[PDB]
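Next up is one chain by itself, shown in structure tokens, the form deposited in one PDB entry.
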């Protein structure tokens, strides 16, 4: 798709309140005559950098802030220039999450952290530690239930446990992240991922469990706990499950440390609707009534807007969300973040499946997360060097075939021309290429 003057197209992930967001768009259209279409395509955070590089893609893209630095580094985002008055309405630290190289590159919407979600009827007293989950599962398995099910396909969900005893993504020092100091392969990271793999080995979890499988199992009353974010609460509300939201369990006596995301809205640099997008975000979405419409659809978490967060903070589930968030860390927004996430995703999936040992999976993840992506020009230099290497050899063989008079067959390969050349120069060449004088 390409953006067109006079209409707004928004992309947002399918686990968020896109129907509530569309109601906001319908009000924007009611007051200004500008159509707003909300879409939730799959893998939007990978599609956006592919299409926006040439001016395609939506007017506005919603994702957690960790993806946005790479978008800005590629020039895909318009600089966000809210007046000081508007900036004041949002918590300072949410603006920090969307600051890249000194510029604001998105509007912050809401703060997301994972929490432990548990079925109060099956589990009145949720476990305080990861270590006691195996025995809790054994007791539940005898009732035809399980202890815990959560998405093992996305490393976001396993990261709180990997980070608990010391794993980290990029080390922060002297005011900046060191993209070369990755902590996915230290003792704490191994201890965390070993405990998860051990859960699978002992049949307390299944390696293939994904988002929809864990959500169905919890919301149908088949497992006593899951790990998820606020967006998941509305589907649990509609289910028959009486659930609670609480702090994640400790591991080796230390808090689980979820990576905290700030859902943010960036404006496509290629949009011809930049001013309409700013009006929609600042004056319709980032208002009490705006965030309420989206929040009523799927909870946003702790919104960046101070006036409405004063209402949402009253909610015990938000209090638990932010207890977990305080124990975690805000994600970096640096371009290297996507390479870090791909590396850890591969490591978790390969260790859970048994395709790699924990040490092997994390050793590769450390190397992959730190690997510098070759620039376009570096790839092009390499492409041209081999093109030229082939073109020089091809010219040599062309001239040998045309002037050699080598008594060759009608059809033969260049190895046979090379052989005839060798013998002409006084060499002997065996069938397998063994060559001597």
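Residue numbers count along the first chain shown, from 1. Rigid core (definition): largest C-alpha set, two forms, superposition within 1.5 Å.
The following text describes the form deposited in another entry, which does not appear among the structures shown.
For the residues 88, 237, 208, 139, superposed on the rigid core between the shown form and the other one, a C-alpha shift of 2 angstroms or more shows up only at 88. Put simply, residue 13 and residue 215 spread apart in the other entry: their C-alpha atoms are 3 Å or more farther than in the form shown. Closer approach of the C-alpha atoms of residue 327 and residue 87, by 3 angstroms or more, is seen in the other entry than in the present form.
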